[PDB]
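Pasting target-v4.txt here (compact mmCIF, C-alpha atoms):
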```txt
# COMPACT_ATOMS: atom_id res chain seq x y z
CA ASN A 197 -2.48 -52.94 -52.64
CA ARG A 198 -0.35 -53.46 -55.73
CA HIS A 199 3.34 -52.62 -54.99
CA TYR A 200 2.63 -52.19 -51.28
CA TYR A 201 1.81 -54.18 -48.20
CA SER A 202 2.13 -52.21 -44.98
CA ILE A 203 4.28 -53.10 -42.00
CA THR A 204 3.09 -53.38 -38.40
CA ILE A 205 3.84 -50.55 -35.95
CA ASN A 206 3.48 -51.14 -32.25
CA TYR A 207 4.85 -48.83 -29.58
CA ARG A 208 7.48 -50.28 -27.24
CA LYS A 209 7.06 -51.21 -23.59
CA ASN A 210 8.35 -47.74 -22.85
CA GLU A 211 8.10 -47.70 -19.02
CA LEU A 212 11.81 -46.84 -18.94
CA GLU A 213 10.50 -43.53 -20.34
CA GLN A 214 6.71 -43.86 -19.78
CA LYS A 215 7.46 -44.10 -16.04
CA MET A 216 9.22 -40.76 -15.97
CA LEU A 217 6.86 -39.14 -18.48
CA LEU A 218 3.95 -40.11 -16.23
CA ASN A 219 5.81 -38.98 -13.11
CA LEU A 220 6.90 -35.57 -14.44
CA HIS A 221 3.52 -35.30 -16.24
CA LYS A 222 1.45 -35.48 -13.07
CA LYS A 223 4.08 -34.07 -10.69
CA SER A 224 4.15 -31.00 -12.96
CA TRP A 225 0.72 -30.63 -14.62
CA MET A 226 -0.90 -29.85 -11.32
CA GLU A 227 0.51 -26.68 -9.74
CA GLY A 228 4.20 -27.71 -9.99
CA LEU A 229 5.32 -28.05 -6.35
CA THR A 230 1.51 -28.59 -5.97
CA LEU A 231 1.33 -26.10 -3.15
CA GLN A 232 -0.02 -23.33 -5.37
CA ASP A 233 -3.82 -23.01 -5.18
CA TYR A 234 -4.06 -24.36 -1.68
CA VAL A 244 -8.96 -17.68 -8.32
CA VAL A 245 -10.97 -18.92 -5.35
CA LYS A 246 -14.02 -16.62 -5.03
CA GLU A 247 -14.46 -13.82 -7.59
CA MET A 248 -14.35 -16.55 -10.19
CA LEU A 249 -17.21 -17.95 -8.09
CA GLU A 250 -18.97 -14.59 -8.38
CA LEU A 251 -18.75 -14.67 -12.17
CA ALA A 252 -19.53 -18.40 -12.13
CA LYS A 253 -22.63 -18.04 -9.97
CA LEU B 305 10.95 22.97 3.39
CA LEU B 306 12.03 19.64 1.94
CA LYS B 307 12.21 17.89 5.32
CA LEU B 308 8.68 19.29 5.79
CA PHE B 309 7.68 17.66 2.51
CA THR B 310 8.55 14.07 3.50
CA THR B 311 6.39 12.99 6.51
CA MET B 312 6.60 16.70 7.65
CA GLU B 313 8.08 15.62 11.04
CA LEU B 314 5.52 17.13 13.39
CA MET B 315 7.55 20.13 14.45
CA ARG B 316 6.79 23.20 16.49
CA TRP B 317 5.14 25.91 14.42
CA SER B 318 7.02 28.54 16.42
CA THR B 319 10.19 26.80 15.26
CA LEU B 320 8.71 27.41 11.84
CA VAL B 321 8.40 31.01 13.08
CA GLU B 322 12.13 30.81 13.97
CA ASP B 323 13.10 29.43 10.56
CA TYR B 324 10.73 31.32 8.22
CA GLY B 325 10.66 34.54 10.25
CA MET B 326 14.28 35.17 11.24
CA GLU B 327 14.90 35.43 7.51
CA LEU B 328 14.05 39.09 8.11
CA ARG B 329 16.89 39.01 10.70
CA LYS B 330 19.36 38.42 7.88
CA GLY B 331 22.39 40.70 7.50
CA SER B 332 22.38 39.55 3.87
CA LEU B 333 19.67 38.81 1.27
CA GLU B 334 16.20 39.64 2.57
CA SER B 335 14.73 39.71 -0.95
CA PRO B 336 13.68 36.06 -0.39
CA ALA B 337 11.91 37.23 2.79
CA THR B 338 10.71 40.36 0.98
CA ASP B 339 9.31 38.42 -1.98
CA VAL B 340 7.76 35.57 0.00
CA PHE B 341 6.89 36.71 3.53
CA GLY B 342 7.43 40.45 3.15
CA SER B 343 4.04 40.48 1.48
CA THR B 344 1.14 41.07 3.87
CA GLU B 345 -2.22 40.33 2.21
CA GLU B 346 -0.48 37.66 0.14
CA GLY B 347 2.29 36.75 2.56
CA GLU B 348 -0.07 36.45 5.52
CA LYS B 349 -2.12 34.18 3.28
CA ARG B 350 1.12 32.25 2.77
CA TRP B 351 1.59 32.01 6.57
CA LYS B 352 -1.92 30.62 6.87
CA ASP B 353 -1.46 28.57 3.73
CA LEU B 354 1.36 27.01 5.73
CA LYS B 355 -1.09 26.48 8.57
CA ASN B 356 -3.10 24.91 5.75
CA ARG B 357 0.06 22.88 5.06
CA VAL B 358 0.27 21.63 8.65
CA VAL B 359 -3.38 20.57 8.63
CA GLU B 360 -3.49 19.32 4.97
CA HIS B 361 -0.18 17.50 4.78
CA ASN B 362 -0.30 16.28 8.38
CA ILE B 363 -3.73 14.76 7.86
CA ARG B 364 -2.06 13.03 4.93
CA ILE B 365 0.67 11.79 7.28
CA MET B 366 -1.83 10.81 10.01
CA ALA B 367 -4.19 9.02 7.58
CA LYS B 368 -2.50 5.72 8.46
CA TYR B 369 -3.47 5.34 12.12
CA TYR B 370 -7.14 6.18 11.77
CA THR B 371 -10.41 4.19 11.69
CA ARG B 372 -10.11 4.89 15.45
CA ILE B 373 -9.50 8.36 16.94
CA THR B 374 -11.49 10.82 19.05
CA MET B 375 -11.50 14.55 18.31
CA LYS B 376 -9.48 15.89 21.27
CA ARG B 377 -6.51 13.71 20.27
CA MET B 378 -6.77 15.10 16.74
CA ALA B 379 -6.60 18.56 18.27
CA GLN B 380 -3.61 17.44 20.35
CA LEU B 381 -1.83 16.16 17.22
CA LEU B 382 -2.74 18.77 14.55
CA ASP B 383 -0.97 21.41 16.73
CA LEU B 384 -4.12 23.57 16.97
CA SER B 385 -7.49 23.84 18.73
CA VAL B 386 -10.81 22.04 18.26
CA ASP B 387 -12.40 25.10 16.63
CA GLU B 388 -9.50 25.47 14.20
CA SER B 389 -9.86 21.71 13.80
CA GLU B 390 -13.51 22.04 12.81
CA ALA B 391 -12.85 24.92 10.39
CA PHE B 392 -10.06 22.89 8.79
CA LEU B 393 -12.34 19.83 8.82
CA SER B 394 -14.85 21.96 6.91
CA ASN B 395 -12.50 23.20 4.19
CA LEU B 396 -10.82 19.80 3.81
CA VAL B 397 -14.13 17.95 3.69
CA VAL B 398 -15.32 20.28 0.94
CA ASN B 399 -11.93 19.47 -0.54
CA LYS B 400 -13.26 15.85 -0.20
CA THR B 401 -9.84 14.59 -1.21
CA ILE B 402 -9.93 11.39 0.88
CA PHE B 403 -13.36 10.24 2.04
CA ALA B 404 -14.21 11.77 5.42
CA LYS B 405 -17.10 10.90 7.73
CA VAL B 406 -17.34 12.92 10.94
CA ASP B 407 -19.99 12.65 13.63
CA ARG B 408 -20.56 13.77 17.19
CA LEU B 409 -22.60 11.11 18.96
CA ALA B 410 -19.44 11.05 21.05
CA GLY B 411 -16.80 12.46 18.66
CA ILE B 412 -14.87 9.31 17.77
CA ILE B 413 -14.36 10.17 14.08
CA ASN B 414 -11.65 11.02 11.58
CA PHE B 415 -10.60 11.70 8.05
CA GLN B 416 -10.66 8.27 6.57
CA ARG B 417 -10.58 5.85 3.66
CA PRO B 418 -13.98 4.49 2.42
CA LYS B 419 -13.98 2.44 5.67
CA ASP B 420 -13.11 -1.14 4.64
CA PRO B 421 -15.81 -1.21 1.97
CA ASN B 422 -15.62 -4.85 0.98
CA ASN B 423 -16.52 -8.37 2.04
CA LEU B 424 -14.17 -11.29 1.07
CA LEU B 425 -11.26 -8.92 0.16
CA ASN B 426 -10.03 -9.68 3.68
CA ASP B 427 -9.86 -13.39 2.80
CA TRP B 428 -8.21 -12.40 -0.49
CA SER B 429 -5.64 -9.96 0.94
CA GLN B 430 -4.85 -11.78 4.21
CA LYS B 431 -5.16 -15.43 3.27
CA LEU B 432 -4.14 -15.32 -0.37
CA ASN B 433 -1.29 -12.84 0.14
CA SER B 434 -0.06 -14.79 3.18
CA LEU B 435 -0.66 -18.19 1.58
CA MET B 436 0.83 -17.37 -1.80
CA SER B 437 3.71 -16.11 0.29
CA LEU B 438 3.61 -19.55 1.95
CA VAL B 439 3.65 -21.23 -1.48
CA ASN B 440 6.58 -19.15 -2.66
CA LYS B 441 8.12 -20.17 0.70
CA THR B 442 8.74 -23.85 -0.12
CA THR B 443 9.98 -22.87 -3.60
CA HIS B 444 12.76 -20.81 -2.08
CA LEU B 445 13.17 -22.91 1.06
CA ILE B 446 14.37 -25.61 -1.29
CA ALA B 447 16.66 -22.84 -2.62
CA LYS B 448 18.12 -22.11 0.80
CA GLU B 449 18.19 -25.82 1.61
CA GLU B 450 20.21 -26.86 -1.45
CA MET B 451 22.55 -23.88 -1.17
CA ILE B 452 23.35 -24.53 2.49
CA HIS B 453 23.54 -28.32 2.04
CA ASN B 454 26.12 -28.05 -0.69
CA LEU B 455 28.60 -27.54 2.17
CA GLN B 456 27.17 -29.01 5.38
```
What does this structure look like when you write it as structure tokens?
Amino acid sequence: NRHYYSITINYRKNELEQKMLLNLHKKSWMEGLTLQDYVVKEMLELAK
Amino acid sequence: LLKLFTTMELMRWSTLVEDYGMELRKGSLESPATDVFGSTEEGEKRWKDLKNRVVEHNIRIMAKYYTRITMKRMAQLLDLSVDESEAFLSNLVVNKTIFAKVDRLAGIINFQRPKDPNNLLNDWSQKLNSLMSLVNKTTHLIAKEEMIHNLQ
């Protein structure tokens, strides 16, 4: 507390990048072109 | 020989008699014919080992179109009888090289695979092969689309 008081750190209204991070994030983190899974049944054998 | 090694091209065995027997009608080297087919109780076994070739290797070329054949057609394709067919069926089933199952309720039988042994494999093979093809499709249809729409 002596010699130091902290400064405040907020994170910007970043929609100019948060927009495109969200859009690439969910347009990519599910099967890319999203026609990939649409593995199906022997995983069900092990799972059952 | 080598054309008879790739799909074996279901020739006439008397044209094999032509080829492999007029080697004794050579006004040159007959020491190939003398060493290979000049033998009698080894060379005759080579003649019938080549009948074993026609049955052996031509069952391995005909193994595609089965899961449906009668026995008379297999006699009409193996270039031999039905009795020679059954003797060769005997020695190649005790070979048991590819899983045979032969039966005479009416005779519709064949040398065969293990006879589609699985369940959902058909869904896997057909639908996932064809549909993962159809998911690679759009990924290179955009390829074709961009490359042709650079110009027009």
Looking at B:306, B:425, B:447, B:452, which one is nearest to chain A, with distances taken over all atoms listed in the file?
->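 Closest to chain A of all the choices is B:425.
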CA of residue 373 (chain B) to CA of residue 404 (chain B): how many Å, to one decimal?
->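 It comes out at 12.9 Å.
The closest residue to residue 310 (chain B), picked from B:365, B:394, B:400, B:349 and counting all atoms listed in the file, is B:365.
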Can you work out the spacing between CA of residue 409 (chain B) and CA of residue 360 (chain B) in Å, to one decimal?
->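 Distance reported for this atom pair: 25.1 Å.
If you measure from each of B:316, B:361, B:444, B:431 to residue 384 (chain B) using all atoms listed in the file, the closest one turns out to be B:316.
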Which polymer residues have any atom within 12 Å of an atom of residue 378 (chain B), counting all atoms listed in the file, with same-chain residues fewer than 3 positions away left out, as a PyMOL selection string?
-> chain B and resi 359+362-363+366-367+369-370+372-375+381-390+392-393+411-415
Write the residues of the preceding selection, restricted to C-alpha atoms, as a tab-separated table (two decimals), keeping the file's coordinate frame.
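Output file out.tsv is given in full below:
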```tsv
chain	number	residue	atom	x	y	z
B	359	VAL	CA	-3.38	20.57	8.63
B	362	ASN	CA	-0.30	16.28	8.38
B	363	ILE	CA	-3.73	14.76	7.86
B	366	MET	CA	-1.83	10.81	10.01
B	367	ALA	CA	-4.19	9.02	7.58
B	369	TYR	CA	-3.47	5.34	12.12
B	370	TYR	CA	-7.14	6.18	11.77
B	372	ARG	CA	-10.11	4.89	15.45
B	373	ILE	CA	-9.50	8.36	16.94
B	374	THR	CA	-11.49	10.82	19.05
B	375	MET	CA	-11.50	14.55	18.31
B	381	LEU	CA	-1.83	16.16	17.22
B	382	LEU	CA	-2.74	18.77	14.55
B	383	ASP	CA	-0.97	21.41	16.73
B	384	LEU	CA	-4.12	23.57	16.97
B	385	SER	CA	-7.49	23.84	18.73
B	386	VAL	CA	-10.81	22.04	18.26
B	387	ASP	CA	-12.40	25.10	16.63
B	388	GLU	CA	-9.50	25.47	14.20
B	389	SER	CA	-9.86	21.71	13.80
B	390	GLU	CA	-13.51	22.04	12.81
B	392	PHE	CA	-10.06	22.89	8.79
B	393	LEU	CA	-12.34	19.83	8.82
B	411	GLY	CA	-16.80	12.46	18.66
B	412	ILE	CA	-14.87	9.31	17.77
B	413	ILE	CA	-14.36	10.17	14.08
B	414	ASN	CA	-11.65	11.02	11.58
B	415	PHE	CA	-10.60	11.70	8.05
```
To one decimal in Å, tell me the separation between CA of residue 429 (chain B) and CA of residue 251 (chain A).
->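 Answer for the CA of residue 429 (chain B) to CA of residue 251 (chain A) separation: 19.1 Å.
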Could the residues of chain A within 8 Å of chain B, counting only C-alpha atoms, be given as a VMD selection string, please?
-> chain A and resid 229 231 to 232 234
Extending 5 Å beyond the listed atoms of region 372-384 of chain B on each side, what axis-aligned box results? I want centre and edge lengths in Å to one decimal, as AutoDock Vina command-line options.
```
--center_x -6.2 --center_y 14.2 --center_z 17.9 --size_x 20.5 --size_y 28.7 --size_z 16.7
```
